[PDB]
Structure formats: structure tokens, C-alpha cells
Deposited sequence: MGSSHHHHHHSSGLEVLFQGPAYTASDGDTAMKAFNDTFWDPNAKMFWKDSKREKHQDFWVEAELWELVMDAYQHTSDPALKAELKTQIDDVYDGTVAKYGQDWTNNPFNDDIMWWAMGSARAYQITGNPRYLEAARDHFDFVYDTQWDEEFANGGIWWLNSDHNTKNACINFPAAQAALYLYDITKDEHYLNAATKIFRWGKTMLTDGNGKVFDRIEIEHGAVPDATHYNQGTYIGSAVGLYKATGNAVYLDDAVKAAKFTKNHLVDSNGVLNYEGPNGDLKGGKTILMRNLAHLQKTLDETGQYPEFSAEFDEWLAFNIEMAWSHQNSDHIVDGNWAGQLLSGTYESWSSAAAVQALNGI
């Protein structure tokens, strides 16, 4: 049970049962950033779905509710006072998943109300012919880190509700994003800035949410073009966001990007499952599976004696966001 071992060690090192939040690092001086906390929430959910130890499973199910409670105690229930639309949407997506797992109606209202605020008021047709703004304060840029997560959140809400409103939203957001925030061959651009144009800088987490939304659209629509879209973005990641031995890059020193492999790995697992089930792209599937396994083994060979792995997978304080990626990789 390497996935169980990895998750237990992550909790032992970083979980604060008193505040019901993760610590930012092993000094236990400061709790994790708001948007990153939603991604650690999803890690708890993924370990819950992966494990077959019923005692650990029940423990992780309780933790799903505690993570939300601790964040609500510090930040409130209404997140629309946060000027970052991406922060809001990461929590809306997490809330949709928490509803799928628990059935607790507070999570459905949280997902729906926050999705609606962003989509209904922060979509604009004028600048760049579409897209959602990064912030709800100033309107200067439209970014991959809000647009693709918004498509993914719409797809979860469609699965829950069967309301075509959400499928129509996902289709519209993704079409815009593919056209304005990619090169058409799987390279995902960070953002488009008013008075400048596209900033074509690719990162692990934006490759990830593009891939996850494309796989979700394939499943919901039956259009094979969406699967092709996801494969091209996975090939780009494997060939161009890696070191000379094929190990995924380290994206520091930026604090938001350092743990981005967590989001990438979560979404690559969705593509791997869809390829295994459909038997499509058999040649790429075999190469992709082998490359993933090589990455996981190299990462875990760098673990310390407490079973924690730093985010520099190619080589004394450990950080929760950087260290999460190796745990996610064993819970997919």
C-alpha cells in the first residue's frame, strides 16, 4: 500500500487537527495558502477513492469535512469577497467533488453559487472574443488557471445535475480556451493580456487542467476530437516540460508553481484510465504508462526516512505543496 503509506506520512508531517488546515511547511509556523488548500482537499479525496483499508478510508472521509470546516472558520462561507476568480473556482470545483463523495447539500450550494458568480458575471465577449477574467477587481488579463478549472467545474456540475446549462458552459469555455490559450498542438499558454496579447509560457498545472477538461468533454459528448486534444497536450508535457532524462521539471522558485505536478498528475491519471478503457491510441498509451511509472519510481527513490518526497524529483525543511505531488502520484 505505497499510496496509503504516502498519505499517512503527509498527514503526520503537515496536518493540523486543531486548526483543521494543512501547515505550509514542517516548521508548523504558518498554514497553507487558500487556493493551494483546495488542491490538498482534492488530494484527501483522491486518497479516499484509492485506498482499500476501510479504517483509513473512514478517517479520510471525515477529513474531507474537516478541511472545509477549518477553511470556513478562517475565510467564511461566501468566497465572493476574494478578488481572485481562480481562488473561487478552485474551491467551487473541490466543493462539487465533496458533494459527489458525501451527499451533504452544503457542498452542492457552495459549488453552484460560486460557479454562477464567476461564469455569469466574469465572462466577457469583447476582449479576445471571449473568456473569463482572472480577477473580479481589475479586468486586465484572462488566464488558463481560471478558464480550464471553470470548464472542469461545469463538467462536475453537469454530472451531478444533468442540467444542459453546465454542459453548454463547459463546451463554450473550452472552445475559447483551445483557440486563444493554446497553439493547437497541445502547448497551453499562461494568459492573454489586454494591450499586449498572449503570454505563451507553459506550466505543469495548466497542461493538467486543459487535459482534465478535454477528457471530461470526450466522455460527456462522444466527440473524439476532445480525446485527440488531451493526447496532444500530454505528448507536449512528456517531451517539453521534462529534464534531459525525461523526469518532470522543477518549477521553483515561484511558490504557486513549485507544487504544480500535483495538479498535472491528478489529470494525467484521468487520461490514462480513459485510454486503458477505450483501447484508443494503443502505441502512445504504452509509452505514456512507461514514462509515468519511471517518473513515480524516480520520485520515490528520493524519499526521506519519514516517507516524504521533496518536489525536486531529480534530487532540511519540507513544504506541503512541493511534497504533495509524490503522494498524488501513488493515489491515481
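Pop the missing stretches of the deposited sequence into a list, counting residues from 1 and keeping sequence order.
Going by the record, the segments left unmodelled (no C-alpha atoms) fall at 1 to 25, 341 to 344, 362.
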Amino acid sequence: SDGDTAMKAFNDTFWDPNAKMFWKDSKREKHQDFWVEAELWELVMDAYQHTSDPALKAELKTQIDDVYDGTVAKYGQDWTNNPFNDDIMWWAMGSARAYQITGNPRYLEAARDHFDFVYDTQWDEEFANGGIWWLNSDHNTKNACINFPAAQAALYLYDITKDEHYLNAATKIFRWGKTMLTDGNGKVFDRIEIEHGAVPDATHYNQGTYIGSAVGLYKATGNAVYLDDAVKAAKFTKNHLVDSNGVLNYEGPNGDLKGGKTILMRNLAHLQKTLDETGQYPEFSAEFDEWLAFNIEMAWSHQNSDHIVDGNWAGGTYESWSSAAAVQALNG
From here on, numbers count along this sequence of modelled residues.
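Taking the recorded C-alpha temperature factors, which stretch has the higher mean, 127 to 135 or 67 to 75?
Looking at the recorded C-alpha B-factors, 67 to 75 comes out higher on average.
Tell me which of 97 to 105 and 251 to 259 has the higher mean C-alpha B-factor in the deposited entry.
Here the higher of the two C-alpha B-factor means belongs to 97 to 105.
Report the option among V36, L56, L271, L264 whose CA atom has the maximum B-factor in the deposited record.
Highest CA B-factor of the listed options: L56.
Sorting the chain's CA B-factors, does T62 end up in the lowest, middle or highest third?
Ranked within chain, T62 CA B lands in the highest tercile.
Ranking every modelled residue in this chain by its Cα temperature factor as given in the entry, which third contains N295?
Its C-alpha B-factor belongs to the middle third of this chain's values.
What third of the chain, by the recorded C-alpha B-factor, contains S52?
Highest third - that is where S52 ends up once the chain's C-alpha B-factors are sorted.
Sorting the chain's modelled residues by C-alpha B-factor, tell me whether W313 ends up in the lowest, middle or highest third.
Highest third, going by the recorded CA B-factors of the chain.
Of the three thirds of its chain by CA temperature factor, lowest, middle or highest, which one includes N11?
Its C-alpha B-factor belongs to the middle third of this chain's values.
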